[PDB]
Structures are given as C-alpha cells and as structure tokens.
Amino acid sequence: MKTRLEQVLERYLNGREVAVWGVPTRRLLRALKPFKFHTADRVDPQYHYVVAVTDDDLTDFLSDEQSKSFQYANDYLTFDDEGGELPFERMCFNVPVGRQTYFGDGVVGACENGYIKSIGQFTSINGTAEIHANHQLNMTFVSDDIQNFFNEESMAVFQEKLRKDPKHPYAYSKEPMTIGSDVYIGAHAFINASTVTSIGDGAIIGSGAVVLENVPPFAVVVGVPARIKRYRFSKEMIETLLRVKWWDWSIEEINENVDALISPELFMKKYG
C-alpha cells in the first residue's frame, strides 16, 4: 500500500529532492523510487525534503543547526513512524486515520491485519498498546500455525468451521473495530480484536487495561479485565458532544471556539 511517507511526499514534496538522514533501508528505497533522493549532507528547505530513517536519526537531525528552518511533515518526516501524527487525514494500510492521531507498531499491525475499520481525529494511543484477535477456542487445538501442515482438503474444513464460529476467531465474521476521536489509550493496554467492535468517542483506556468488550463514548476504563471507572462528562454533555463533533471542525473553527474546547462549562453554554 501507500506508506505514510509516500502520502506525505505526494502532498508536500513540491518538486524537491529527498535528503535521506540516516542509513537507507530497502523498504525506504522502494518508497522513494518515484522521487529524486540522495544522502543528506548540507540541507536547505528550498531544495530538500529531509527523511530521517529512524527516530534515532530524527533526534540527530533536530539537534543539528540545519533543521531550524524545517517544519514537521511540510519539510521533514521520519520513515519508520507509520503511526505518527499528521496534520491531514491519512490512510494506514487501508484504515482511515484522523488528524493529529498517533499510535505504535501494534496498532499499525492491527491495521494491516484488517482488525480496524477507522481511527478517529485527535486520538492518542501509547506506543506499547496492543490489539490482537483470539485463536479458535472450539477446536481440539488452539494453535494457528498447525495449519501450515494442512493440505487443501484439511484447510478447507478448518477454514469452514472458522466462519461458523460466533466467537470470531482471528476476527472472522465480525465488523472491524472503530476507534473514535479524542480517545486516549495508555501504556501496555490491550484491546481484543475478536470481541471488541467499538472504542467510543472520548473513551479513556488506562495503562495496563485489558479491554474485552466495547467501551462506551467518554467512558474511562481501567483494570484486568477493563471496567468502567467513571465517565468524563455528564450524560447530557456526552449527548451534546456526539451531536456537535468538534473533532471534525476545521482549524479555523478550532481556534475560533478555543474557549469552549478548554472549558466544558462554556461548551455546554454554547452548544448544549
């Protein structure tokens, strides 16, 4: 598919040459082949778009006096940062991701696995959070890679049972999960992709939480298994929030309405 980098370069490269900051990998070279590129030496934002290969390389680049006139995404990006936030809506494999939303390699993998339908705007997911499905639980075995030994006939009856399974092994037979906007997920959290179809808008998933069922909008869930500890707002305000959907506002609307975003009391007065 189109990587994050490719989506950014299609939007912001603007005919410049890519200055690679770090050791180029084969995956990077494949992504840059539609573009002119070279190993960064002296860089000028009028002439160059800087791609740091790793986050390590970005730290070095941003520590260098040459980076001062380079703006995030517009002039530079990290290649190995497929979950990194962007100022525009993007695709992660074939999952739409909203603005200013970030996540780590586990969620990137879940996006590739087809476990995720969409990730909302202004959503914050700690890099250590994980999303995996259940194996089959209604067979004699729980192994998945046993199937590498299955011939065509055995694999057919095995696959056929996997669909009829109402418990959705490997996320079969279910809708991929929606992760809403203005969502927060802390370190080492886990969401089960066989048994969860929605993390509601505004949900907060605490560190260490193991989420086995849907999280309602603006619920705060903690623990193993994860349980609703409280809601962020009253029922009336949650009702208003889901109607107004400030997370779809334009940048101008976000700034014009900043007092209502900073103050829930002013939000309710204006919209509720």
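Note that residue numbering begins at 1 and tracks the sequence as displayed. By rigid core we mean the largest C-alpha set that fits within 1.5 Å across both forms.
> Comparing against the shown form in 7 other deposited structures of this protein, which stretch has the larger RMS C-alpha deviation after a rigid core superposition, 30-38 or 205-213?
Between the two stretches, 30-38 moves farther in 7 other deposited structures of this protein.
> Between 110-118 and 159-167, point out the one with the higher average CA B-factor as the PDB entry records it.
Mean C-alpha B-factor is greater for 159-167.
> If you average the CA temperature factors over each stretch, which comes out higher, 99-107 or 73-81?
Per the PDB entry, the higher value belongs to 73-81.
> Determine, from the deposited record, the chain-internal third of the Cα B-factor for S207: lowest, middle or highest.
For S207, whose C-alpha B-factor we compare with every modelled residue in the chain, the answer is the lowest third.
> With respect to C-alpha B-factor, does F218 fall in the lowest, middle or highest third of the chain as deposited?
Within its chain, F218 is a lowest-third residue by C-alpha B-factor, going by the deposited values.
> Among all modelled residues of this chain, ranked by Cα B factor, put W247 in the bottom, middle or top third, i.e. lowest, middle or highest.
Its C-alpha B-factor, which the entry lists for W247, ranks in the lowest third among residues of this chain.
> Looking at the entry's B-factor column for C-alpha atoms only, identify whether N151 ranks in the lowest, middle or highest third of its chain.
It belongs to the highest third of the chain when residues are ordered by C-alpha B-factor.
> Which third of the chain holds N94 when residues are ordered by C-alpha B factor: lowest, middle or highest?
It falls in the top third of the chain.
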